[PDB]
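Below you will find one chain, with nothing else, as structure tokens; this is the form deposited in one PDB entry, and questions on how it binds or moves follow later.
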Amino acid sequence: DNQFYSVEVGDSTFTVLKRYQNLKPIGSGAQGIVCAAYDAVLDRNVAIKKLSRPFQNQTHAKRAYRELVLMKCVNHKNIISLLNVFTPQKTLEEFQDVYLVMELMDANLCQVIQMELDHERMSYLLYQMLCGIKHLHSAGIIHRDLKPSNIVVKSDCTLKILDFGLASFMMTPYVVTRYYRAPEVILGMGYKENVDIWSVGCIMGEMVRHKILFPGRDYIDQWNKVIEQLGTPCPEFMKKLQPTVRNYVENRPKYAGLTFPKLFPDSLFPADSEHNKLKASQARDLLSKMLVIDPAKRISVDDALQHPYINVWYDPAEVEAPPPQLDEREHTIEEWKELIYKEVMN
């Protein structure tokens, strides 16, 4: 008569509620393994992510606690919704795992990057990202860590963002993706809303080029790739850097920079029709306004939404949707356990 059951998925053991049938491993991350499943009660498929011992460290603890609180309060069609939360353990002392249940999407933005997208779908996906990011911004959430792996899509081209971003030692077997972070994060500078526009541009640029824009082993190799293509930023941007960082960037080999038609030629864009020729210029024009190193010269979310390549889908309810305790703090690993439990158990 137990409400839960246990199946072995991959290498781990998933102990889920009886309503969740047939688990198929669909994803895996740093904080948990994601399985797709059927929900008998709701009569639909869902995605179940298992946070194995989230409170084991302050980074993973802060992450888990924050996503849990926001996935409940934030309510937007372009930000993943939480359907059910649960733990198979009965007491705070026995407490080990957390199970996040969300609507099931069909794939990653990484899988969509591997294919040639038409201007209709590319601008719609892009319009959705900016739609959710805008909603997050109105709620006081500035992501700063958007990556394809955390953006999920459905077959009908609907899009949703998975995580809530950045609020940090981690002894782990796995990597962190830096490729989509803004200069005001690579170089530590202090940001504002449009820091997410850079990530959107790194994604669009990859959706077009079909390969990572600014790769690198470290932030040193990555910044190398930023200036090698876009060129050394203007002498007004550098006066905003910290004196120890300013030194490093200023004394770094100079580059004039490539132009956008060179970075993103017409060969990468479908320019057969006359409609596609104009859209291919518009797309390139948006990229040129998103992949700008200086935040003061970088386009805003609102203006990127009013751009001719994106605004063809503008909708008042989707763009200007209404937004909703002060959470950017510090605790020990057992204090976090308590906070996570009392959240999981409303």
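Residues carry their position along the shown sequence, with the first being 1. C-alpha atoms forming the largest set that superposes within 1.5 Å between two forms make up the rigid core.
Same protein, other form: the form deposited in another entry, not shown, and the subject of what follows.
**Q** Taking only shifts of 2 Å or more in Cα after a rigid core superposition between this form and the one not shown, tell me which of 218, 118, 106, 228 qualifies.
**A** The only residue crossing the 2 Å threshold is 218.
**Q** When the two forms are laid on each other by their rigid core, does residue 156 show a Cα shift of 2 Å or more between this form and the one not shown?
**A** Residue 156 C-alpha, core-superposed: shift of less than 2 Å.
**Q** Would the C-alpha of residue 273 be classed as shifted by 2 Å or more between this form and the one not shown after rigid-core alignment?
**A** After core superposition, the C-alpha of residue 273 moves 2 Å or more between this form and the one not shown.
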